[PDB]
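Asks:
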Amino acid sequence: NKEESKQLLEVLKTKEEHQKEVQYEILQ
Amino acid sequence: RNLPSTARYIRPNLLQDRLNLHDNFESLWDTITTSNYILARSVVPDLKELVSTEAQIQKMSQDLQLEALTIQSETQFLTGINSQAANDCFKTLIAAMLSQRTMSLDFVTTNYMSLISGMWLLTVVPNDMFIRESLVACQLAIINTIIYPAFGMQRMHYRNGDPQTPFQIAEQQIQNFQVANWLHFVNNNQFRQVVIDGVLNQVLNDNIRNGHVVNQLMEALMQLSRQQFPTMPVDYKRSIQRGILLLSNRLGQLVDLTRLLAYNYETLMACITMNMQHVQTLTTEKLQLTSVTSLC
Amino acid sequence: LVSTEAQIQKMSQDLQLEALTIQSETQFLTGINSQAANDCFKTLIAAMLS
Amino acid sequence: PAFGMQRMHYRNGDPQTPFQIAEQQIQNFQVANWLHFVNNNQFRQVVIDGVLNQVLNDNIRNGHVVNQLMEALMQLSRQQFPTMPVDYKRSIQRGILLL
Amino acid sequence: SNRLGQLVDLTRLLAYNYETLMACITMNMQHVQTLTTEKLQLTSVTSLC
Amino acid sequence: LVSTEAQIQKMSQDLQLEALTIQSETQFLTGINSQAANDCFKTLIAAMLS
Amino acid sequence: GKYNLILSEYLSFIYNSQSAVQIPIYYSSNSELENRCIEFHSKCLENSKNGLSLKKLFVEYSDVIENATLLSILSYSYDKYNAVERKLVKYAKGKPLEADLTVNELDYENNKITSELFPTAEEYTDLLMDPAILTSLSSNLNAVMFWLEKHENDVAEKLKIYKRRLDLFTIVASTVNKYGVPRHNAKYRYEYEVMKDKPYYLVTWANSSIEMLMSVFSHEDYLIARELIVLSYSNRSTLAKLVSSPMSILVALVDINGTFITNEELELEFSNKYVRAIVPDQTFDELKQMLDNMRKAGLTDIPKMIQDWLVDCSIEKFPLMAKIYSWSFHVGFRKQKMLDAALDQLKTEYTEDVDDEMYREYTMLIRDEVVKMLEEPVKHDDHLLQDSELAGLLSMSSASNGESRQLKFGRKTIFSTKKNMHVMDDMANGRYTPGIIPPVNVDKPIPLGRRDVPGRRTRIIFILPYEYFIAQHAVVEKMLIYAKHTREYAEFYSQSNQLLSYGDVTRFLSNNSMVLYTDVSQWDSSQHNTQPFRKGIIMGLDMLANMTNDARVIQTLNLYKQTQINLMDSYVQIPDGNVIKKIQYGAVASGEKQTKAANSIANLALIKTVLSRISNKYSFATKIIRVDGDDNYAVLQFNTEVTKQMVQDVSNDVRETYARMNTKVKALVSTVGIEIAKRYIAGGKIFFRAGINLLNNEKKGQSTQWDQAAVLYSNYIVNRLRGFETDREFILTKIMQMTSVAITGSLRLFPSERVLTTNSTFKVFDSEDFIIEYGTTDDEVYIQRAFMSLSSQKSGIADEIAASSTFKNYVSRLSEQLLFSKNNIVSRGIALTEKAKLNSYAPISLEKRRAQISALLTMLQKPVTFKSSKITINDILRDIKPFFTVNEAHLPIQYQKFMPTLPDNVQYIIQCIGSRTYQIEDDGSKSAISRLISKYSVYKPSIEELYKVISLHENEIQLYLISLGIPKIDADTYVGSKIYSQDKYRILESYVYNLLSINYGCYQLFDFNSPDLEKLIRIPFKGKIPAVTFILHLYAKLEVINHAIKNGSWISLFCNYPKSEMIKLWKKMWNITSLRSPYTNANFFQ
Amino acid sequence: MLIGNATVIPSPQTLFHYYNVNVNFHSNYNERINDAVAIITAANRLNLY
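Residue numbers (the working numbering), protein chains in the order written: chain L, 416 to 443; chain H, 23 to 318; chain G, -4 to 45; chain U, 2 to 100; chain W, 5 to 53; chain P, -4 to 45; chain R, 238 to 1323; chain Y, 427 to 475.
1. For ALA858/R, write down the residues that DSSP places opposite it in a beta bridge.
2. Cβ of residue 72/G less than 8 Å from any chain R Cβ?
3. May I ask you to report which of helix, strand or coil DSSP gives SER312/R?
4. Pick out whichever of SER1064/R, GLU1037/R and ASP663/R has its Cα sitting closest to the Cα of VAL1048/R.
5. Between the Cα of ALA514/R and those of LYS421/L, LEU427/L and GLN422/L, spot the shortest distance and give me the residue it belongs to.
6. Based on the DSSP secondary-structure assignment, which residues constitute the bridge partners of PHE699/R?
7. Under 8 Å between beta-carbons, which chain L residues line up against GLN544/R? List them in chain order, please.
8. Give me the Cβ distance between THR499/R and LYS510/R, rounded to the nearest whole Å; I'm assuming they're in contact under 8 Å.
9. Helix, strand or coil for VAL221/H? Go by DSSP, reduced to three states.
10. Mind the definition here: the stretch 1292 to 1304 of chain R touches the stretch 1262 to 1274 of chain R only if three or more C-beta pairs lie below 8 Å; say whether that holds.
11. Residues bridged to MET751/R by DSSP?
12. Against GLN4/P, what residues of chain H qualify as contacts under a CB-to-CB distance less than 8 Å, listed in chain order?
13. Per DSSP, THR306/R forms a beta bridge with which residues?
14. Could you pull the start and end residues of the alpha helix (DSSP H) that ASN237/H belongs to?
15. Interface residues of chain H around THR16/G at Cβ under 8 Å?
16. Looking at the unbroken beta strand (DSSP E) that takes in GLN810/R, where does it start and where does it end?
17. Under DSSP, the beta strand (DSSP E) around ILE493/R begins and ends at which residues?
18. Tell me, please, whether the CB atom of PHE1267/R is closer than 8 Å to any CB atom in chain H?
19. If you follow the beta strand (DSSP E) that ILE918/R is part of, which residue opens it and which one closes it?
20. Please confirm whether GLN759/R and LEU423/L have their CB atoms less than 8 Å apart.
21. With distances taken between CB atoms, is the gap from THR1014/R to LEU993/R smaller than 8 Å?
22. Just how far apart, CA to CA, sit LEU1051/R and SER1082/R?
23. Can you name, in chain order, every residue of its own chain whose Cβ lies under 6 Å from the Cβ of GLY773/R, other than the five neighbours on each side?
24. What did DSSP end up calling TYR1078/R once you bin it into helix, strand or coil?
25. Closer than 8 Å is the cut-off here; do at least three beta carbon pairs connect the stretch 718 to 726 of chain R with the stretch 854 to 864 of chain R?
26. Can you give the beta carbon distance from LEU8/W to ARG177/H, rounded, assuming they're within the 8 Å contact cut?
27. At the level of alpha carbons, what is the spacing between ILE168/H and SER1314/R?
28. Report yes if the CB atom of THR1154/R is closer than 8 Å to the CB atom of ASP1244/R, and no otherwise.
29. Could you tell me whether the Cβ of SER92/U comes closer than 8 Å to any Cβ of chain G?
30. Could you please give me the residues that DSSP links to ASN638/R through a beta bridge?
31. Per DSSP, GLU912/R forms a beta bridge with which residues?
32. Which residues in the same chain as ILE164/H place their Cβ atom closer than 6 Å to its Cβ, once the five residues preceding and following it in sequence are excluded?
33. Alpha carbon to alpha carbon, what distance is there between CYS1239/R and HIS1280/R?
34. Output, in chain order, the set of chain U residues within a Cβ distance shorter than 9 Å of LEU273/H.
35. Could you please give the first and the last residue of the uninterrupted alpha helix (DSSP H) stretch that includes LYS1301/R?
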C-alpha cells in the first residue's frame, strides 16, 4: 500500500504547477 | 532582479492571420469569438462598491408617488432593477466588444423604461456592433412611442427590408437643433479602424472618451420635457418624463461610468495581439433591458 | 415650547397625505420630536462658541 | 430644475464650491445677491479686551439676510417647473411652504 | 394608433383574400340587399383589430 | 396571433386604470379573446363574398 | 391525500389482531351531508362500543369515504406495549458488536455496564447519554420495521438501497437482540432499573445509528454506514471533530472556474473569474498525519475515498467530500460532564515573556473602537441612556435563564429561571437595588451552562444576577446601532434585518491574492481576554465620561465601569457529584448581553494587532477583515504573484507571531477556500454544514411531544437543503407516531394528513416539500375557524400572579418611575401590556398549550362546528380562484449553478429563475412605528397583535401604545402624523409572510421581484387597492411555481378580477383571524 | 418648527461659572507655562548636557 502512497505524494507535485515558482527556481 | 548578459529569452511568432478566417470560416470565427468572450468574462472587474438597492428604490418610488406595494408587482417601469443583471450586462458588453460579438435583446414594448435606458447605450456605442433585428425592433419602438409623439409626427410606416434605420429617416423629419446635432452624431458614429503596434483596432471618437455626448443627450431630453404632447394625455407624458428624470438625477454618475467603460475598454484593446475585425456573427448574447436600467 | 403633537397635527392637516401612496412629503416628518430641538439648540451654539 | 437648467457636472476636488460657479450661471437678482453674500459670508477676527473674537456681520445678527433669501423663495414659488411634473412641484412647494 | 400599420396590413390581407375567393366564382355577383342579416358583436372586431 | 393576456397588459399599462371608479374604459376589455376575432374574420369575409 | 393510507397500513401492521379494530371519524361543511356524517359516526361509535364488525357499513356509505374529510383514527387493542420483539426475531441473524474500552480518553466514557460506573441508582444520572427527546426507541424501531416491510417488493435502484439498509439493520438488530430493549418512562427517559444490566452508551449509539442508516441512498453511503456504525460504538469524543477536520484544508485545493459575489447581503452577481490553488508541501504532511490517525482509529474505506479523489482534485467529483462532511455531524453529541467539558477549555499556559508593546496597542484599539461606538449617544443625551434601568426592565424578557430560586405568589411556590420574575420577587422584600452592583467572588461564585454543538468543543455560559443585564443593556444597544452599518461585525452588520449569508470573500480572490482564515473558538480562557480587554474598556469609559455633561449618564457609566471591575475577578460554581468547586476565572466567556459583540470586537482588535507584523516582510492591501464569533478571515492582495514559499514562510511567521503573545492556533492560509462552523466554499461554489442531530438534542427544551416533531421536520428540511438527505417517509412515520396519543392502555389516537399540513398553529409539515398547501374548500376554513376559536386561552397561574402583591408593587414602581395621576386609565393598560411579556415564561405556555390540546381533543373525538363566519385565507383563495386562466409556456435556461448539493429539480428552478435579493421586514423593523420601538426598547411585538392593533379605533391605540413604556407626547404626535395608515400594508405583508413561511424555509430563498417570474404573471394594474393586487400577484406566483415544481413545465396567467369583488373583499381585509406557529419555521441559516 | 414668544438667556450663575472656569484654566495655563519656561531657560544656561 504505502509505496503507492509515497508515489501519490510524488505525483501530487507535477500537478498544479505555478509559473513564477519554476522561474525563480531555475534562477535559484 | 537584474539579469546578466549570459541570459536569453524566446520571442513569440505574432504574425497576423495568413488565412483571413473572418472570410467564410464562420463556425470557427463563432468558436473563436465565443472563446474570447468567455475568456474575457473572467477578467472584467467586479463592481466593488455601489449604492444599496432598497435605499434607492424608495427615493425613486417617492419621486413617482406610487401606490403602495407595487414594488413587488413592478408595474412594468420598475421591473428587474436588481444586480445579477447589471453586472451581467457590464460583463457581457466588455467581453463581447473584445471578442467582437453581437448581442441580441429580449425586451418588451409595454415596458417603456427599458426603451428609455436603451437610449444611453444605443447612443454611446455604434449600432453596427450589435445584431440588426434586435436594435431595429428597439429603435422602431422608441421612435414610435417616445419621439415622434413628442412633436405630433405620425407613428411610422416601416418596411421590413428597408435600407435606412429609423434614426436615419428621423434625422430629416423633426425640426430641432439640439436633436439634429444629437442625431448627426448618432448617424455618423462609427468605429475607427487603425493599426497600432501592428494590430488593427476599432477605436472610439476621442470625444466619446472624455464624455460630452451626454450633454447633447441631456439637451435633447430636457427640451423634450419642455415640449408638450398635444395628441396625448398628461399622465402618459408624466410617466415618460419621470422615467427620464430618474436618469437625469443619475446623469453625472452615468457620465463617470461612461468614461470608465471607455477607459478600461481602450486600455484592454492595447493588450490584444490578433487583429480585431468588425463583422456580424451567428450566435448572440441575450440582454434583458431591465439589466441596463439596473446598471444605470 | 409649543405642543409638538398640535404643531405636527397642523403640519399633517396642511399636507393632505394619503394612506395609499409613498408620498415623499411623508419623509418630511422624520424626527420632528422634542428632545432633538433642544439637542440641536445645544449642539449648534456650543459648536459655534467652541 | 425650476429655472430649467442642467443638473450639474461637478467635480469632487473642484477648487470652487457649487455656489460660487452657480453665482454666475443663474439669472436671478435675488439669488445672485444672496450667493454674493454667501461667498463673502465669513467671521470677523477682532481683538477686543485682549481676546480674539469671531464676530458676525452685524447684518446677520439682526435677521435681514433672510429677507433676501425669502424674497428669492417667493420668486421661486411663483415659478413653474418646465421640465418636471406637477406632483414634484406639489411636494417641493408644500415642503418649502411649511418653512 | 399604436397598431396602425398592422391594421393597414390586415385591410390589405382581407382585400387580397376577398378578391381571391372571388376569382374562384363563375356566377355573377350582384349588389343587392338580402333578407336576413348576420349579427356582429363589435367586441369580436376589437379583438381582431 | 398575439397572446391575449400580454395584449391586455399593454392596454393596461397605457390606460391607467383605477379600481375605485366607474370608468368608461373598463368596458373596452369585454370579449377581447380569440375565437371571436376568428368569428368576426369569418363572418365578415363570408358575408362580403356571398 | 396519501399519508393516511400509510397510517392505515401501519395500524394494520403493528397490531395485526382480530381484537385490533380501526375507527375513522369524518366531517363535511355541508349541513345535510354533515347530518349523514353524524349518523354514520354515531352508528360507528356504537358498533365500536359493542364489539361489532365495522367493515360492512363502509360500502353502503361509500360517499362519506370518498368525499368527506378525515380527522383521525382511534384503535382499541389489547397488548402490554411490547410488540417489537414479537416482530423482530427474524431480522437479527448477523453478528453482535464488541466494545473497545481503549478508544476514548476517559474510562467512564466507554460503553461499559452502568453498574460498573454507577452501582447505586441514587448516584445514577442518564444525562451523560440522555437522548433528550420525547420519542421512544420503540417508536423508532417500529417505524423502521414497518418501512422495511412495505419497501420489500419494489424492484429498481430503490431496491438496491433497500437491500443495503436491510443489511445494515440486520447488523444493528443482531447487536440489539443480544441484550434487549430499554423501556421508556412517561417522560421518554431511561432509568437505572432498565439499563442496570446493560452497557451505558448503548442508547445514544442506537438512536444515532438508526438516524444514520435511515439516510442511505447510495453505495458510498453504505460504505460510510458500515465504517461508522462499528466505530461509533466505542469512540464517543474524538470522532466527528476528527473526520470533519481535514475539510478546512481540502477547500484550499480546488481551482475556481466561475464564482458568486456579494454586494448587499443577497445581491448575487456571478463571475467567470478563474483562480489557481497554490498549496504548500507541509500541509500535505499535516493531512497525512491526520489520515494516519484516521487509519489508527480503524478506518479503511474513507482514506481510500480521500485518496482516489486527489488524482484529479476536480470539483465535479468533489460533493462526495461535502456529503461526507455532513455525515460527521449526524453521529451525535459527546455528552460528557460539565467539569470535564470545562477542562477541555480550562487548561492554561500563561507566561511573562510576551510583549508589553502589543497589549497596550490592543487595549488602545479597543478603547478607540469604544469611542467610535459611543461618541454620538453619550453626547446628545438620549432618553434611553438616562432611563437605562427602565429600559433593561422592559427588555428582561430577551435575557438568559437565571439560576433557580424559590418564589411564592400569594399561596404557591415557583422555581423560575426568568429574570424578570426574579426582579419581581426582589421588589417585594426591598431587594430591588440596581445601584448596588453585587460582587462576584468567593462569597458569591457564578453557576454555569454549556453551549454544545456536535463535532466541536463545548462553550460555557455565565448565569448572572439581574443588575448586570441592566448595566450592559443600553451601552451594548448603542454599540449594536453602531455595528448595524459597520461591515466587519459580520454577526451584527445588516440592512436592519439580515445577517450576511454568503460571505464577502469572492470579490478579490485571484491568482495574486491570498486569504488567511482561522478558528478562534478555544480563545475564551486565553490570556488576552483577561486584564487588558477590561481595562481598555474602562479607559474608554473614562474618555466617554469626559465627553458628557449629564449626571444620570455618568452614574450609569460609573456603574458599568464597576461591573467591568467585578467581571475582572469572577468565580464559578461548578458541582462534582455532591461537593462544589469554585475556581478563579478573571476573564471573558459567553452567557452575557455584552459577550457576543464584545468578543467580535476583541477578536477584531486581536487580529488588527497580529496583522501589523506581516507588514514587516510583505506589501499587501488589506481588502477585507471579518470576524463572526468562533472564527475570522482576512483577504489580501499583493504587488506581485503568489508562490508556495511565500505562503509557507508567511504561515510560519503568523504562527510564531501568535506565539509571541502566547496564543495557540491552527493557522490556515489559502487562495480559494475557507471552512467555518456554518458554511464553506470550494471552487466558487457555496456548500453548507448539515449538522443537526435529530434523535439526540443539545439540551432539554420546554416544548411538547407535538412541537418537537415540527422542529425536527424543519431541521430535516434544512439538512436536506444543505445536502444531507434522509428518507422523508421515515420522518412522516415518526410524526404520526409522536402525535399519536394513548388515552388508555388499549386506546390510542392517530391524527390525519389534513391536520398536520394545514395552515394553523398546529401545522407540522407539508404534503409536498418546500410548498405550503392551502385550502380551496370550505373544510380547511371550517376547521381553521374552529382552531382559531380555541387558540385563545388563559393561564390561571398567570391570572393569580397578576392578582398578587408583587405585580402590584411592580406596577406601582413603573408608574412612579414614569408617570402618576392616571391610576385607573393607563396603569391597567400597562398591566395588560406586561401580560404580553409574562407569556414568555414557559410554564404559562405549558398551561395554555396543554389547555389548547385538551380543548382540541374534545372536538377531535366528536363532530364539528360551524364557527360563525370568521374570515381566513382559504375563504379568500376560494373566492379568488374562479377568475384564473392558465396557458402552456416554455422557459429557457439562463442561470448558473452554484449550489450543487440541492436536488436537481430545486436547482432547475434556480437554473431558470433567480435567487432572492431583498429581505422583507418579517417583523416590521424598518417601519416608522418600529423605529420608535427600537428607540425605547428592543421588543418584537408579534404580528398577531400588530395586525389587530392597526384595525382598531383611534382611542384604544393610544392606550395600547402609551402602555408600552412610550410617553404620551410622542404617541399623540404619532397619531396626528398618521404613519400607521402608511404601515397597514407593511404589517399585512409581514403578516401574510409569517403565516405562509415566505421568509422561513425554501420560499425564503426566492426572488419575487424577478422579471422572469413576472412575464408569466400577466395581471394588469388597477390601482388604489394595494392589498388585493399584492396578494393576487403573490398567489399567482405560488401557483405557477407549484405547477413547475410538481410538473416541471411552466405556464402564464391572467386574472380580470371584477371591481365588484375588489370592493366586496376590501371590507373583508382587516378582520382576518389566522395564525401560524413559531415552532414550525425552518430557517436555512441558524 | 417648535418655537414662539419665549426667550432663553443664560443664568448669571452659569455665566460666572463659565467665566471662572475659563479664568482658572487660562491662569493655570500661563503659570505652568511660566514654570516650564523657567526650567528650560535654567537648564540651557547650565550645561545640563
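The beta carbon of each residue, even a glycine, is placed where N, CA and C say it ideally should be.
Replies: On the basis of the data shown:
1. Counted from its first residue, the seventh sequence places residue 858/R at position 621. BP columns for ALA858/R point to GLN874/R.
2. Given a span of -4 to 45 for chain G in the structure shown, any question on residue 72/G remains unanswerable.
3. The sequence position of residue 312/R within the seventh sequence is 75, counting from 1. It is a strand residue.
4. Start at 1 with the first residue of the seventh sequence, and residue 1048/R comes out as number 811. Answer by Cα proximity: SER1064/R.
5. On the seventh sequence, residue 514/R is found 277 positions in, with the first residue counted as 1. Closest by alpha carbon: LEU427/L.
6. Start at 1 with the first residue of the seventh sequence, and residue 699/R comes out as number 462. Its beta-bridge partners are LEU685/R.
7. Here the question's residue 544/R lines up with position 307 in the seventh sequence. Under the 8 Å cutoff, chain L gives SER420 and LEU423.
8. As a position in the seventh sequence, residue 499/R is number 262, starting the count at 1. As a position in the seventh sequence, residue 510/R is number 273, starting the count at 1. Not really, about 14 Å apart at Cβ, beyond 8 Å.
9. Position 199 of the second sequence, counted from the first residue, corresponds to residue 221/H. DSSP places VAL221/H in strand when its eight states are reduced to three.
10. The stretch 1292 to 1304 of chain R makes contact with the stretch 1262 to 1274 of chain R, as at least three CB pairs between them are under 8 Å.
11. Numbered from 1 along the seventh sequence, position 514 holds the residue referred to as residue 751/R. Paired residue(s): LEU873/R.
12. Start at 1 with the first residue of the sixth sequence, and residue 4/P comes out as number 9. What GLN4/P touches in chain H: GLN98 and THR132.
13. Counting from one through the seventh sequence, the residue named residue 306/R turns up at place 69. Paired residues: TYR264/R.
14. Along the second sequence, read from residue 1 onward, the residue named residue 237/H stands at position 215. Its alpha helix (DSSP H) spans residues 235 to 248.
15. Taking the first residue of the third sequence as 1, we reach residue 16/G at position 21. Result: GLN87, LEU88, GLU89 and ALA90.
16. Position 573 of the seventh sequence, counted from the first residue, corresponds to residue 810/R. Residues 808 to 813.
17. Position 256 of the seventh sequence, counting from 1, holds the residue named residue 493/R. Taken as a continuous stretch (DSSP letters only), the beta strand (DSSP E) holding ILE493/R covers 493 to 496.
18. One-based indexing of the seventh sequence puts residue 1267/R at position 1030. Using a CB distance cut-off of 8 Å, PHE1267/R counts as an interface residue toward chain H.
19. For the purposes of this step, residue 918/R is identified with residue 681 of the seventh sequence, where counting begins at 1. That run of the beta strand (DSSP E) goes 916 to 918.
20. Counting from one through the seventh sequence, the residue named residue 759/R turns up at place 522. Counting from one through the first sequence, the residue named residue 423/L turns up at place 8. Their beta carbons are not under 8 Å apart, which means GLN759/R does not touch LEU423/L by this criterion.
21. The count along the seventh sequence starts at 1 and reaches residue 1014/R at position 777. The count along the seventh sequence starts at 1 and reaches residue 993/R at position 756. No, Cβ-Cβ distance for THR1014/R and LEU993/R is not below 8 Å.
22. Start at 1 with the first residue of the seventh sequence, and residue 1051/R comes out as number 814. Start at 1 with the first residue of the seventh sequence, and residue 1082/R comes out as number 845. Distance between the alpha carbons of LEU1051/R and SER1082/R is about 25 Å.
23. On the seventh sequence, position 536 is the one that residue 773/R refers to. Here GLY773/R has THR600, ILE603 and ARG604 as same chain residues with Cβ atoms under 6 Å from its own Cβ, once five neighbours each way along the sequence are excluded.
24. Along the seventh sequence, one-based indexing puts residue 1078/R at 841. Three-state DSSP puts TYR1078/R in coil, outside helix and strand.
25. Cβ pair count under 8 Å is three or more, so yes.
26. Translated into positions along the fifth sequence, residue 8/W becomes position 4. Translated into positions along the second sequence, residue 177/H becomes position 155. About 6 Å separates the two Cβ atoms, so the contact holds.
27. Reading the second sequence from its first residue, position 146 is the one you call residue 168/H. Reading the seventh sequence from its first residue, position 1077 is the one you call residue 1314/R. Each residue's alpha carbon lies about 52 Å from the other.
28. As a first step, residue 1154/R is located in the seventh sequence; it is residue number 917 there, counting from the start. As a first step, residue 1244/R is located in the seventh sequence; it is residue number 1007 there, counting from the start. Yes, they are a contact pair.
29. In the fourth sequence, counting from the first residue as 1, residue 92/U sits at position 91. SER92/U counts as touching chain G.
30. Stepping through the seventh sequence from its first residue, residue 638/R is reached at position 401. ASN638/R is bridged to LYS655/R.
31. Translated into the one-based positions of the seventh sequence, residue 912/R becomes position 675. In the DSSP assignment, the residues bridged to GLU912/R are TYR917/R.
32. As a position in the second sequence, residue 164/H is number 142, starting the count at 1. Scanning its chain for C-beta atoms nearer than 6 Å, with the 5 sequence neighbours on each side dropped, one finds around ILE164/H the residues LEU137, in chain order.
33. The residue you call residue 1280/R lines up with position 1043 of the seventh sequence. The residue you call residue 1239/R lines up with position 1002 of the seventh sequence. Answer to the nearest angstrom: the Cα atoms are 16 Å apart.
34. What you label residue 273/H is simply residue 251 of the second sequence in a count that begins at 1. The answer, in chain order, is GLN7, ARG8, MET9 and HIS10.
35. Position 1064 of the seventh sequence, counted from the start, is the residue given in the question as residue 1301/R. Start and end: 1296 to 1305.
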